[PDB]
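> return atomic coordinates for the entry below.
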Amino acid sequence: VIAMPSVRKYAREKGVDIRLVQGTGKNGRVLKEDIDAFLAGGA
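Residues are numbered from 1 along each chain as shown. Sharing the structure here:
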């Protein structure tokens, strides 16, 4: 039950490994704001 493609494509656009992302759930429960925060954090 991987996340929807509409969300994964975004990750690819900016370049972010969805797997590493850990918002609410790094699984079929990955949100759009999940990855948004990934990179936003910066470092």
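
> so the one residue sitting closest to the centre of the chain: helix, strand or coil?
Nearest to the geometric centre of the chain sits residue 35, at 3.2 Å (CA atoms, centre = their mean). Under DSSP: H, G, I helix; E, B strand; the rest coil, the three-state class of residue 35 is helix.

> for it, what are its contacts?
7, 10-11, 16, 18, 21, 23 (CB atoms under 8 Å, 6 or more residues apart in numbering). (C-beta placed from N, C-alpha, C; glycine too.)

> can you map out the helices along the chain?
5-10, 32-40 (DSSP state H).

> winner for burial among the ones you listed?
With neighbours taken as mean count of other CB atoms under 10 Å, the helices of the chain reach their highest mean count in helix 32-40, at a mean of 15.

> ok now it, how far from the chain's centre?
6 Å (CA atoms, centre = their mean, to the nearest Å).

> from now on call the first residue 754
Let's use 754 as the start, then, which means that last one is helix 785-793.

> residue 783: neighbour count?
22 (other CB atoms under 10 Å).

> ok, it to residue 766 distance?
Noted for residue 783: a distance of 15 Å to residue 766, by CB to CB, to the nearest Å.

> hmm, residue 774 is touching residue 792, no?
No - counting by CB atoms under 8 Å, residue 792 is not a contact partner of residue 774; they are 9.4 Å apart.

> from what I can see residue 787 touches residue 773, true?
No - here residue 787 does not reach residue 773: they are 10.9 Å apart, not a contact under CB under 8 Å.

> enumerate every residue touching the closest residue to residue 756 other than its chain neighbours.
The shortest distance from residue 756 to any non-neighbouring residue, by CB to CB, 6 or more residues apart in numbering, is to residue 783 (4.2 Å). Listed by CB under 8 Å, 6+ apart, the contact partners of residue 783 are 756, 760, 771, 774, 776-777.
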